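Data from structure.pdb: PDB, C-alpha atoms
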ATOM      1  CA  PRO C   2      11.141  18.469  -2.484
ATOM      2  CA  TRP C   3      11.740  16.534  -5.681
ATOM      3  CA  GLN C   4      12.890  13.258  -4.156
ATOM      4  CA  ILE C   5      12.744   9.654  -5.191
ATOM      5  CA  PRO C   6       9.994   7.994  -3.175
ATOM      6  CA  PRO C   7      11.228   5.187  -0.915
ATOM      7  CA  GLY C   8       9.557   1.974  -2.043
ATOM      8  CA  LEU C   9       8.894   3.195  -5.590
ATOM      9  CA  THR C  10      11.208   0.545  -6.990
ATOM     10  CA  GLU C  11       9.738  -2.338  -4.985
ATOM     11  CA  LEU C  12       6.220  -1.254  -5.827
ATOM     12  CA  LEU C  13       6.934  -1.008  -9.554
ATOM     13  CA  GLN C  14       8.876  -4.233  -9.337
ATOM     14  CA  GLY C  15       5.923  -6.240  -8.027
ATOM     15  CA  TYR C  16       3.522  -4.910 -10.633
ATOM     16  CA  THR C  17       5.945  -6.042 -13.337
ATOM     17  CA  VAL C  18       6.410  -9.544 -11.907
ATOM     18  CA  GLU C  19       2.646 -10.036 -11.785
ATOM     19  CA  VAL C  20       2.443  -8.758 -15.366
ATOM     20  CA  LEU C  21       4.640 -11.709 -16.152
ATOM     21  CA  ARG C  22       2.448 -14.340 -14.504
ATOM     22  CA  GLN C  23      -0.859 -13.424 -16.088
ATOM     23  CA  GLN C  24       0.177 -11.741 -19.305
ATOM     24  CA  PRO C  25      -2.797  -9.354 -19.364
ATOM     25  CA  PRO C  26      -3.696  -8.040 -22.844
ATOM     26  CA  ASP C  27      -4.080  -4.455 -21.616
ATOM     27  CA  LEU C  28      -1.397  -3.188 -19.248
ATOM     28  CA  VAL C  29      -3.447  -0.127 -18.272
ATOM     29  CA  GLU C  30      -6.600  -2.060 -17.430
ATOM     30  CA  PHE C  31      -4.513  -4.521 -15.382
ATOM     31  CA  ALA C  32      -2.818  -1.683 -13.525
ATOM     32  CA  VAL C  33      -6.189  -0.272 -12.474
ATOM     33  CA  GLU C  34      -6.969  -3.820 -11.383
ATOM     34  CA  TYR C  35      -3.656  -4.560  -9.625
ATOM     35  CA  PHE C  36      -3.431  -1.353  -7.600
ATOM     36  CA  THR C  37      -7.119  -1.332  -6.674
ATOM     37  CA  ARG C  38      -6.709  -4.846  -5.225
ATOM     38  CA  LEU C  39      -3.400  -3.923  -3.709
ATOM     39  CA  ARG C  40      -5.159  -0.943  -2.109
ATOM     40  CA  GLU C  41      -8.086  -3.045  -0.848
ATOM     41  CA  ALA C  42      -5.643  -5.534   0.629
ATOM     42  CA  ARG C  43      -4.023  -2.875   2.626
ATOM     43  CA  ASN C  44      -7.211  -1.410   3.907
ATOM     44  CA  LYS C  45      -8.377  -4.870   4.763
ATOM     45  CA  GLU C  46      -5.092  -5.669   6.454
ATOM     46  CA  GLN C  47      -5.160  -2.470   8.481
ATOM     47  CA  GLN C  48      -8.712  -2.620   9.637
ATOM     48  CA  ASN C  49      -8.062  -6.019  11.147
ATOM     49  CA  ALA C  50      -5.052  -5.035  13.090
ATOM     50  CA  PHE C  51      -6.895  -2.230  14.849
ATOM     51  CA  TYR C  52      -9.454  -4.500  16.362
ATOM     52  CA  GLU C  53      -7.226  -7.354  17.378
ATOM     53  CA  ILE C  54      -5.210  -4.811  19.366
ATOM     54  CA  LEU C  55      -8.528  -3.421  20.494
ATOM     55  CA  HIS C  56      -9.481  -6.457  22.628
ATOM     56  CA  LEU C  57      -6.032  -7.933  23.433
ATOM     57  CA  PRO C  58      -6.914  -8.719  27.045
ATOM     58  CA  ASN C  59      -3.547  -8.341  28.863
ATOM     59  CA  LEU C  60      -2.745  -4.829  27.609
ATOM     60  CA  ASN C  61      -3.361  -1.991  30.086
ATOM     61  CA  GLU C  62      -5.315   0.949  28.642
ATOM     62  CA  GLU C  63      -2.220   3.166  28.012
ATOM     63  CA  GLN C  64      -0.426   0.528  25.868
ATOM     64  CA  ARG C  65      -3.522  -0.292  23.763
ATOM     65  CA  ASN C  66      -3.813   3.478  23.131
ATOM     66  CA  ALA C  67      -0.136   3.956  22.136
ATOM     67  CA  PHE C  68      -0.316   1.064  19.645
ATOM     68  CA  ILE C  69      -3.697   2.143  18.270
ATOM     69  CA  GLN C  70      -2.424   5.700  18.032
ATOM     70  CA  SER C  71       0.673   4.519  16.097
ATOM     71  CA  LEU C  72      -1.576   2.375  13.963
ATOM     72  CA  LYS C  73      -3.906   5.214  12.959
ATOM     73  CA  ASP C  74      -0.921   7.456  12.221
ATOM     74  CA  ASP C  75       1.048   4.888  10.151
ATOM     75  CA  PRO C  76      -0.830   2.140   8.223
ATOM     76  CA  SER C  77       2.374   0.901   6.532
ATOM     77  CA  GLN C  78       3.745  -0.674   9.722
ATOM     78  CA  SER C  79       0.494  -2.338  10.763
ATOM     79  CA  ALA C  80       2.285  -5.733  10.700
ATOM     80  CA  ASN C  81       5.119  -4.295  12.822
ATOM     81  CA  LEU C  82       2.676  -2.936  15.438
ATOM     82  CA  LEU C  83       0.428  -6.011  15.592
ATOM     83  CA  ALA C  84       3.539  -8.112  16.227
ATOM     84  CA  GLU C  85       4.855  -5.748  18.943
ATOM     85  CA  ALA C  86       1.428  -5.542  20.618
ATOM     86  CA  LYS C  87       1.107  -9.337  20.665
ATOM     87  CA  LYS C  88       4.638  -9.854  22.024
ATOM     88  CA  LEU C  89       4.021  -7.282  24.793
ATOM     89  CA  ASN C  90       0.600  -8.889  25.377
ATOM     90  CA  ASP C  91       1.785 -12.500  25.608
ATOM     91  CA  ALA C  92       4.541 -11.496  28.087
ATOM     92  CA  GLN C  93       1.894  -9.622  30.157
ATOM     93  CA  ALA C  94      -0.276 -12.770  30.652
TER
ATOM     94  CA  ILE E   5       9.362  -7.355 -20.925
ATOM     95  CA  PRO E   6       6.067  -6.836 -22.778
ATOM     96  CA  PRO E   7       6.105  -3.879 -25.164
ATOM     97  CA  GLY E   8       4.688  -0.723 -23.642
ATOM     98  CA  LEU E   9       5.425  -1.681 -20.035
ATOM     99  CA  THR E  10       8.449   0.580 -19.767
ATOM    100  CA  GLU E  11       6.764   3.660 -21.253
ATOM    101  CA  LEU E  12       3.716   3.067 -19.072
ATOM    102  CA  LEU E  13       5.675   2.733 -15.828
ATOM    103  CA  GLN E  14       7.945   5.607 -16.774
ATOM    104  CA  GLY E  15       4.897   7.873 -17.213
ATOM    105  CA  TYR E  16       3.634   7.031 -13.776
ATOM    106  CA  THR E  17       7.161   7.510 -12.398
ATOM    107  CA  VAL E  18       7.544  11.056 -13.784
ATOM    108  CA  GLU E  19       4.221  12.149 -12.250
ATOM    109  CA  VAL E  20       5.169  10.653  -8.911
ATOM    110  CA  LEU E  21       8.288  12.789  -9.019
ATOM    111  CA  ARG E  22       6.318  15.813 -10.287
ATOM    112  CA  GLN E  23       3.599  15.656  -7.633
ATOM    113  CA  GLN E  24       5.050  13.813  -4.595
ATOM    114  CA  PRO E  25       1.766  12.076  -3.622
ATOM    115  CA  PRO E  26       1.578  10.865  -0.013
ATOM    116  CA  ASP E  27       0.643   7.268  -0.980
ATOM    117  CA  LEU E  28       2.125   5.640  -4.092
ATOM    118  CA  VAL E  29      -0.552   2.924  -4.218
ATOM    119  CA  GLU E  30      -3.452   5.334  -3.881
ATOM    120  CA  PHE E  31      -1.867   7.579  -6.533
ATOM    121  CA  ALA E  32      -1.406   4.522  -8.733
ATOM    122  CA  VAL E  33      -5.141   3.869  -8.642
ATOM    123  CA  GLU E  34      -5.601   7.594  -9.362
ATOM    124  CA  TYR E  35      -3.009   7.783 -12.170
ATOM    125  CA  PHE E  36      -3.919   4.675 -14.152
ATOM    126  CA  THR E  37      -7.646   5.259 -13.895
ATOM    127  CA  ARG E  38      -7.188   8.707 -15.520
ATOM    128  CA  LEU E  39      -5.019   7.108 -18.132
ATOM    129  CA  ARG E  40      -7.637   4.455 -18.768
ATOM    130  CA  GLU E  41     -10.270   7.170 -19.113
ATOM    131  CA  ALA E  42      -8.187   8.931 -21.733
TER
END
Could you rewrite the structure in this file as structure tokens?
Amino acid sequence: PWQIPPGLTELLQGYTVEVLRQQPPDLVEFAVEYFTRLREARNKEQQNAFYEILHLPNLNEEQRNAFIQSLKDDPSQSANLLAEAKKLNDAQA
Amino acid sequence: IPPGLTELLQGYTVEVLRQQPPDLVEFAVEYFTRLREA
């Protein structure tokens, strides 16, 4: 459509706040820097979830699959899914 | 607010609305890199 992306404000907000802290001399160069590192952090954070869930010992095969399936489909809630998979795992001990 | 920050973030914002990329962060790396190259 032509909509306003959810999270656009928060995402722009955080770049600005970090601009404050370091006062980079070139806003463009820092943006390339900020968002690259913000990307890498997310890839890093997602990779890790996948595995942990991978070998969580008290999950049956069907649960591990559901969580991993949700994880591959939606990186943004990797923290949400890792939490839910650990809660359901701890209870299943 | 440092000078230029508003115009810079506005520019990115218009293109986000123009193009509706599926990931804002990934597009950000895309958008600002092209801007740096120019």
For chain C against chain E, with a cut-off of 9 Å and counting all atoms listed in the file, what is the closest atom pair and its distance in Å to one decimal for every residue that makes the cut, ordered by chain and number, as CSV?
residue,atom,partner,partner_atom,distance
C:2,CA,E:24,CA,8.0
C:3,CA,E:21,CA,6.1
C:4,CA,E:21,CA,6.7
C:5,CA,E:21,CA,6.7
C:6,CA,E:21,CA,7.7
C:8,CA,E:28,CA,8.5
C:9,CA,E:28,CA,7.4
C:12,CA,E:29,CA,8.1
C:13,CA,E:13,CA,7.4
C:17,CA,E:9,CA,8.0
C:20,CA,E:6,CA,8.5
C:21,CA,E:5,CA,8.0
C:24,CA,E:6,CA,8.4
C:28,CA,E:9,CA,7.0
C:29,CA,E:40,CA,6.2
C:30,CA,E:40,CA,6.7
C:32,CA,E:36,CA,6.5
C:33,CA,E:36,CA,5.7
C:34,CA,E:33,CA,8.4
C:35,CA,E:33,CA,8.6
C:36,CA,E:33,CA,5.6
C:37,CA,E:33,CA,5.9
C:39,CA,E:29,CA,7.4
C:40,CA,E:29,CA,6.4
**Message:** Between C:60, C:25, C:47, C:11, which residue has the minimum interatomic distance to residue C:88, considering only C-alpha atoms?
**Reply:** C:60
**Length of the atom CA of residue C:43 to atom CA of residue C:86 vector [Å]** = 19.0 Å
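Nearest residue to residue C:44, choosing from C:68, C:76, C:22, C:62 and counting only C-alpha atoms: C:76.
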Can you report as lines of an AutoDock Vina configuration file the centre and edge lengths in Å, to one decimal, of an axis-aligned box around the listed atoms of stretch 15-20 of chain E padded with 8 Å on each side?
center_x = 5.6
center_y = 9.6
center_z = -13.1
size_x = 19.9
size_y = 21.1
size_z = 24.3
**Request:** Kindly give the distance, in Å, that separates atom CA of residue C:70 and atom CA of residue C:55, rounded to a single decimal.
**Result:** 11.2 Å
**Hits of the PyMOL selection byres ((chain C and resi 64) around 12) in this structure, as an NGL selection string** = :C and (54-63 or 65-71 or 82 or 85-87 or 89-90 or 93)
**Request:** Take atom CA of residue C:23 and atom CA of residue E:41 and report the distance between them in Å, one decimal.
**Result:** 22.8 Å
Could you give me stretch 75-86 of chain C completed to N, CA and C atoms, formatted as a PDB file, keeping the file's coordinate frame?
ATOM      1  N   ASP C  75       0.132   5.537  11.117  1.00  0.00           N
ATOM      2  CA  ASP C  75       1.048   4.888  10.151  1.00  0.00           C
ATOM      3  C   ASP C  75       0.582   3.470   9.766  1.00  0.00           C
ATOM      4  N   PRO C  76      -0.330   3.382   8.777  1.00  0.00           N
ATOM      5  CA  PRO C  76      -0.830   2.140   8.223  1.00  0.00           C
ATOM      6  C   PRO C  76       0.255   1.177   7.710  1.00  0.00           C
ATOM      7  N   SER C  77       1.349   1.732   7.193  1.00  0.00           N
ATOM      8  CA  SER C  77       2.374   0.901   6.532  1.00  0.00           C
ATOM      9  C   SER C  77       2.995  -0.160   7.476  1.00  0.00           C
ATOM     10  N   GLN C  78       3.196   0.234   8.748  1.00  0.00           N
ATOM     11  CA  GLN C  78       3.745  -0.674   9.722  1.00  0.00           C
ATOM     12  C   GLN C  78       2.677  -1.290  10.608  1.00  0.00           C
ATOM     13  N   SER C  79       1.540  -1.653  10.028  1.00  0.00           N
ATOM     14  CA  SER C  79       0.494  -2.338  10.763  1.00  0.00           C
ATOM     15  C   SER C  79       0.919  -3.750  11.185  1.00  0.00           C
ATOM     16  N   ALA C  80       1.726  -4.418  10.350  1.00  0.00           N
ATOM     17  CA  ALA C  80       2.285  -5.733  10.700  1.00  0.00           C
ATOM     18  C   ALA C  80       3.302  -5.605  11.848  1.00  0.00           C
ATOM     19  N   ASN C  81       4.147  -4.573  11.763  1.00  0.00           N
ATOM     20  CA  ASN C  81       5.119  -4.295  12.822  1.00  0.00           C
ATOM     21  C   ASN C  81       4.460  -4.070  14.188  1.00  0.00           C
ATOM     22  N   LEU C  82       3.336  -3.355  14.186  1.00  0.00           N
ATOM     23  CA  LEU C  82       2.676  -2.936  15.438  1.00  0.00           C
ATOM     24  C   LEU C  82       1.854  -4.050  16.055  1.00  0.00           C
ATOM     25  N   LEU C  83       1.214  -4.840  15.188  1.00  0.00           N
ATOM     26  CA  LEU C  83       0.428  -6.011  15.592  1.00  0.00           C
ATOM     27  C   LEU C  83       1.343  -7.051  16.235  1.00  0.00           C
ATOM     28  N   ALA C  84       2.546  -7.201  15.679  1.00  0.00           N
ATOM     29  CA  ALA C  84       3.539  -8.112  16.227  1.00  0.00           C
ATOM     30  C   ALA C  84       3.993  -7.632  17.615  1.00  0.00           C
ATOM     31  N   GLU C  85       4.356  -6.348  17.695  1.00  0.00           N
ATOM     32  CA  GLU C  85       4.855  -5.748  18.943  1.00  0.00           C
ATOM     33  C   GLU C  85       3.772  -5.778  20.042  1.00  0.00           C
ATOM     34  N   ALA C  86       2.522  -5.579  19.649  1.00  0.00           N
ATOM     35  CA  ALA C  86       1.428  -5.542  20.618  1.00  0.00           C
ATOM     36  C   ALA C  86       1.093  -6.944  21.118  1.00  0.00           C
TER      37      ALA C  86
END
